[PDB]
Number of protein chains: 4
Amino acid sequence: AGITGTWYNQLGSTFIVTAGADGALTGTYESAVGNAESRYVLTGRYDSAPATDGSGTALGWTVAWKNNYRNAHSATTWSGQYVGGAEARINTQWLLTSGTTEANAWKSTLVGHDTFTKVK
Amino acid sequence: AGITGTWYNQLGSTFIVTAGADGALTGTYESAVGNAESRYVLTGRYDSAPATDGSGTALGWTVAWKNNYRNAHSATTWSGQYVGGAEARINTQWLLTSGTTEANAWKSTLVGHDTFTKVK
Amino acid sequence: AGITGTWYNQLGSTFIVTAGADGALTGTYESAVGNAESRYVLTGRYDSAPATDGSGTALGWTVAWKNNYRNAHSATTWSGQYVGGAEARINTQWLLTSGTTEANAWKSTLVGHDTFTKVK
Amino acid sequence: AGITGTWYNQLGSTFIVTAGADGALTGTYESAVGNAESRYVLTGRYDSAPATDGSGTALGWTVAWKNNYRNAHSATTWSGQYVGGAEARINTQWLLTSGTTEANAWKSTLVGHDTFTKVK
Ligand SMILES: O=C(O)CCCC[C@@H]1SC[C@@H]2NC(=O)N[C@@H]21
Ligand SMILES: O=C(O)CCCC[C@@H]1SC[C@@H]2NC(=O)N[C@@H]21
Ligand SMILES: O=C(O)CCCC[C@@H]1SC[C@@H]2NC(=O)N[C@@H]21
Ligand SMILES: O=C(O)CCCC[C@@H]1SC[C@@H]2NC(=O)N[C@@H]21
């Protein structure tokens with residue numbers, strides 16, 4: 001109900017997710033940036049029984065950057081929390097790992113942050 | 001074939017994963033450490049068509065720290081790569097996000113690294 | 001000139017820095033949050049000869065969370081870049097490491113992000 | 001005494017540091033890898049009064065990747081802890097930020113880990 005929907009980050013990327021009663025996140029990610037084109041499968045987990053003390057719902061998900069059209073040979077993971085209310089928000093940090101040789105493996109992982117809203 | 005199996009990190013945690021032809025990672029994670037007990041659902045993605053130039057296979061997965069017995073109100077995501085061969089290895093970095101209030105949200109996310117092997 | 005001044009993050013923390021011609025950052029950090037009180041020494045480095053193609057100036061600094069009044073047994077490092085202009089900005093990611101036992105060393109390092117402005 | 005000396009990471013990079021009574025880290029970093037050549041200035045902070053319960057000494061430092069010969073337009077920060085004894089160790093996580101345009105700023109920051117020893 002809270003986590004299920006279409007979400008928009010600060011850089012124009014669309015996250016369409018369903019939050020299953022089991023704790024399963026399933027969906028699609030459409031990336032407005034990077035070496036990516038069009039629509040990619042999303043899987044993840046959330047806290048299906050969160051704390052009743054104004055605390056956020058912990059969640060996470062993975063996109064492997066491969067569809068029928070593109071393969072970037074990379075995967076992003078987002079770790080974050082859902083803050084429910086009027087201005088509903090998913091505050092995340094992410095790791096983008098690229099498939100490298102063992103000589104290039106030191107420089108394989110980019111780190112960043114995304115804030116997602118239900119407002120396009 | 002390569003990614004499918006039972007994997008062991010440096011701190012004694014067991015990762016039992018199946019790598020589907022679609023790019024789906026499904027499994028269980030058993031955590032030897034932290035505010036955790038017993039067995040937790042794992043979902044993730046991998047690069048199902050990796051590069052043929054000695055480069056690793058990009059992957060990632062999520063565990064929400066909630067089963068039938070425990071709820072830590074937290075989720076870990078691992079971002080990494082599979083290096084195939086005799087000494088087969090998953091080199092990862094991870095983000096552990098805890099469900100917090102907006103006052104505690106600065107301190108919500110632990111970062112670290114895990115190396116997983118097929119040797120117990 | 002650009003980097004030298006008083007800077008304010010999103011959570012009300014004050015960063016007073018001098019950018020030396022050698023590439024040295026020296027200053028004080030006053031933390032509005034965490035297990036901290038009052039004023040702490042800052043040292044760091046910046047790119048003293050940045051690129052002339054609209055690119056930001058790479059920098060970084062360290063605060064050990066120990067003064068004459070408090071010791072949190074911890075250190076934060078910020079890694080980022082200075083974007084110069086009318087709305088002058090330091091966009092950073094940070095690592096906060098706490099002094100732990102080898103049993104607690106997995107959970108020693110918090111990760112986050114700060115944006116600093118010259119507007120209080 | 002403990003932190004003062006010559007340190008060697010897993011990838012052959014040399015860290016020569018002095019730990020001042022004030023909490024100041026001063027030195028040189030010689031990087032065996034990346035778009036770097038030869039010797040670079042290091043500044044940082046450590047916990048000058050650590051806990052007496054077998055806990056590590058929190059520290060951190062910055063290298064801006066600019067000397068008289070090279071400028072990579074980038075800075076690394078290491079956040080970590082000193083574990084003293086027979087097999088003396090600095091366990092770190094690091095952030096490498098590159099000077100980018102605001103279009104490339106999502107991909108500006110690499111994350112990783114280094115373990116440093118006093119054995120070449
Ligand atoms: O460039 C690549 O290697 C593949 C595309 C990566 C897209 C990145 S992942 C972090 C950030 N979140 C997004 O909305 N997309 C970018
Ligand atoms: O303590 C918690 O909040 C829940 C358990 C967390 C387990 C952590 S996640 C990173 C690391 N990988 C493991 O094998 N388990 C620990
Ligand atoms: O709580 C502690 O262990 C010591 C204080 C930490 C202050 C943190 S560091 C990251 C962030 N930046 C700030 O302005 N202060 C907080
Ligand atoms: O390639 C660059 O942009 C400059 C050189 C970076 C060297 C990296 S920083 C992290 C790691 N630690 C080292 O010993 N050097 C590499």
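Worth knowing before you read on, the calculation uses all heavy atoms, side chains too, and leaves out hydrogens, waters and symmetry mates. Per chain, numbering begins at 1; letters A, B, ... match sequence-line order.
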In Å and rounded to the nearest 0.5 Å, what is the [atom1] to [atom2] distance from [X] to [Y]?
| X | Y | atom1 | atom2 | result |
| --- | --- | --- | --- | --- |
| B:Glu37 | B:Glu30 | CD | CD | 10.5 Å |
| C:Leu59 | D:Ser74 | CG | OG | 12.0 Å |
| B:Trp94 | B:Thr77 | CH2 | OG1 | 10.0 Å |
| B:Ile16 | B:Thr4 | CD1 | OG1 | 12.5 Å |

Check [X] against [Y] and note the closest heavy-atom contact, atom names and distance.
| X | Y | value |
| --- | --- | --- |
| B:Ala75 | A:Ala58 | N-CB, 3.6 Å |
| B:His113 | B:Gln10 | O-NE2, 3.5 Å |
| A:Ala24 | A:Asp22 | N-OD1, 3.2 Å |
| B:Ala64 | B:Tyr40 | O-CD2, 3.9 Å |
| B:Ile3 | B:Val17 | O-CG1, 3.3 Å |

[X]: which residues meet the side-chain contact (heavy atoms from CB on, under 4.5 Å) condition with it, sequence neighbours left out?
| X | value |
| --- | --- |
| D:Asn9 | D:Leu11, D:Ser13, D:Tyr29, D:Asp114, D:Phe116 |
| C:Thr109 | B:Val111, C:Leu95, C:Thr97, D:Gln93 |
| A:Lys107 | A:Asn104, D:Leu110 |

Inset, instruction - Could you list all the side chain to side chain donor-acceptor pair (under 3.5 Å) pairs where at least one residue sits in residues 42-67 of chain B, not counting sequence neighbours? - result: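 Listed once each, the pairs are A:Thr43-B:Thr43, A:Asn71-B:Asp47, A:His73-B:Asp47, B:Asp53-B:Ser55, B:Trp65-B:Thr76.
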Inset, instruction - Inspect the surroundings of CG in B:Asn68 and state if more than 12 heavy atoms from other residues, nucleotides or ligands are less than 6.0 Å away. - result: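 For B:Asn68, atom CG is not crowded (no more than 12 foreign heavy atoms under 6.0 Å).
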Taking the side chain as every heavy atom from C-beta outward, state whether [X] and [Y] have any pair of such atoms under 4.5 Å apart.
| X | Y | answer |
| --- | --- | --- |
| C:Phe15 | C:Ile90 | yes |
| C:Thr117 | C:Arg89 | yes |
| D:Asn35 | D:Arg70 | yes |
| A:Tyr8 | A:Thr14 | yes |

Inset, instruction - For D:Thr100, check side-chain hydrogen bond (donor to acceptor under 3.5 Å, both in side chains) against everything at least two apart and list the hits. - result: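 Testing D:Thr100 for side-chain hydrogen bond (donor to acceptor under 3.5 Å, both in side chains), a comparison that skips the adjacent residues, returns C:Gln81.
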Legend entry - Partners passing side-chain hydrogen bond (donor to acceptor under 3.5 Å, both in side chains) against A:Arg39 (at least two apart in sequence or in another chain):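 Listed in chain order: nothing, the list is empty.
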Legend entry - Pair A:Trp78-A:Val63, side chain to side chain contact (heavy atoms under 4.5 Å, CB included): steps then yes or no: CA-CA 9 Å; A:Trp78 295 256; A:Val63 175; 3.5 Å; yes
